[PDB]
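Have a look below at one chain only, the form deposited without this ligand, in structure tokens format.
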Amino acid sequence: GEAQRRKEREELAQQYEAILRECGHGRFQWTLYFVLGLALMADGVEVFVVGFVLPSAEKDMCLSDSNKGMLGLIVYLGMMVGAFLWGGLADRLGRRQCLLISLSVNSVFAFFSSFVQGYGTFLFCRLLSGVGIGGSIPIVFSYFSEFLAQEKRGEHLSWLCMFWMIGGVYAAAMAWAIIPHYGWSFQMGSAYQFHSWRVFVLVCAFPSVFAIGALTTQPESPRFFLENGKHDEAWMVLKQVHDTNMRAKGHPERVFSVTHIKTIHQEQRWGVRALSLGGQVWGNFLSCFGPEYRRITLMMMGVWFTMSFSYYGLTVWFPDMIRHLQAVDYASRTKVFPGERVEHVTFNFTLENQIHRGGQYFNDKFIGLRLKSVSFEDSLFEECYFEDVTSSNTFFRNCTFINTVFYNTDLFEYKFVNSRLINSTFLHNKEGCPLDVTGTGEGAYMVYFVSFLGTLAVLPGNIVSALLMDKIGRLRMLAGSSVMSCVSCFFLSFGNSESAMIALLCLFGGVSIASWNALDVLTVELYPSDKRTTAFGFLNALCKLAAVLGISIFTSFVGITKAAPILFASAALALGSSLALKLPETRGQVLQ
């Protein structure tokens, strides 16, 4: 029974390899490569949008703490849901069908999030866009693998990973080109405002639409048809592959010699179909945890979890520590003025990063002044007058106000810390957020540059891994990149400036990419064609969950010590490499 099923599966796997070797590698494979590359570039773009628009969205939507933290994790949660969902559905509906559905969902919700004015609605739309894009990598890799012969399968699959780098470069370039134009204030509705970061969100939603447009013109994988008992469709698709390949070669006269292909024998109503689909998907997921695949599944789970944890933790740790170093440098330059006596003067100014202490101001007019990180402490204002006062990161602590008037000022109730007001008057208060929202200026530029350097050191690793995956092997590439990543994690200690951390980020990003490439190719090659997308989507959902955990843990360690992140990343990567070294070798095997 089961042995007969395994025998027929092996016979189909060998015949499919023979047919694919007959068809050859050429124009069809490269066209599908570029189509799925657009699908993967959308995935690469998706993970930068919220990180790039948080500084502007915080002021434009009054985002407090624990609201910018859940927005920075919502894409990963949506991705964790979507990867599992679409990977499970791909083995019952098809790779191309589920890819179309997921890409359309991502595009729709990314367009709709560009016009949402609230926060919770923006959070929901961004979560659903993450759900739509979560199924890109599993389906794309398991769809491209079923058109490749065994001769060069590691290299052809590894060349598919350049598109995440391309998407990251595209996102960084568009953020640099669009967001810095803060003057754009397009008005459609009195209560609604349309700034530049929404245009950035639209431009970042574009590649998913291009991916849908390109994918609509591709055929379903023949192996999916063969598994489900549809023989004529699979034969037609294989004939199309052969015809396109031969026409590209320059010999459009030979005939597809395959006549019959072995196929796997198959043994209100909307709710019935839904229940059947759920049952079949659960059966596939459970069979992934079967007696035949239980060791492979567990080692894959360990490798994916550990590598995702380390990579995402360090990748979010580098910019946070750069920001912390900049903040320390900024606080080291603060000016202190102890003791002042000002009287009878209209005295305006624009001071930044200052602390006035022990001041005494009597009948002073403060007309039109900009305050940035200016703090008044132990001061006394008597018969003063504040007009056209703009405030940012400005506080009044241990201050006393007597007969003072705040006319046309943004000095809200949260800027007076343990102060005492007597006979004070607040008139024509400016519109603003109820709480402090901070402000980012020129530094955003540098942030984009840093991103362009974090996704460009990846390119040498991608090239080397793509060229060498078949020559050394998947296992050795994975192990030799994980070990080097652990060594770089050890090297992390010798960095205390912004330039050093930019260099360290570039090094780590350029080192771990080969490991990620090798893991993708391995998890593609290690599963049968009737469970490939289910298992790969489950592992990618685990990757996203580990990403959330690692981001939280490594962000909690910023500014405390360098020992905890280094130890966590090195331990996780060492365990991942140890678990990876026990994996079976898949090089030089038919795509079983």
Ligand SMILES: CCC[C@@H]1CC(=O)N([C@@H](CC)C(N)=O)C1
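Residue numbers here begin at 1 and follow the sequence given.
The form solved in complex with this ligand is left out here; the points below concern that form.
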item: This ligand: the contacting residue among 147, 235, 122, 312 in the entry with it bound [heavy atom, 4.5 Å]; value: 312
item: This ligand: the contacting residue among 281, 127, 73, 165 in the entry with it bound [heavy atom, 4.5 Å]; value: 165
item: Partner proximity in the entry with it bound: residue 535 to this ligand, non-hydrogen atom cutoff 4.5 Å; value: no
item: Contact label in the entry with it bound: residue 142 to this ligand, heavy atom within 4.5 Å; value: no
item: Partner contact for residue 302 in the entry with it bound: this ligand, 4.5 angstroms, heavy atom; value: no
item: Contact flag, residue 94 vs this ligand in the entry with it bound, heavy atom cut 4.5 Å; value: no
item: Joint contact, 113, 196 and 200 to this ligand in the entry with it bound, by non-hydrogen atom at 4.5 Å; value: no
item: Heavy atom contact within 4.5 Å of this ligand in the entry with it bound, the stretch among 509 to 517, 490 to 498, 294 to 302, 177 to 185; value: 509 to 517
item: Residues of stretch 529 to 545 in contact with this ligand in the entry with it bound (4.5 Å, non-hydrogen atom); value: 540
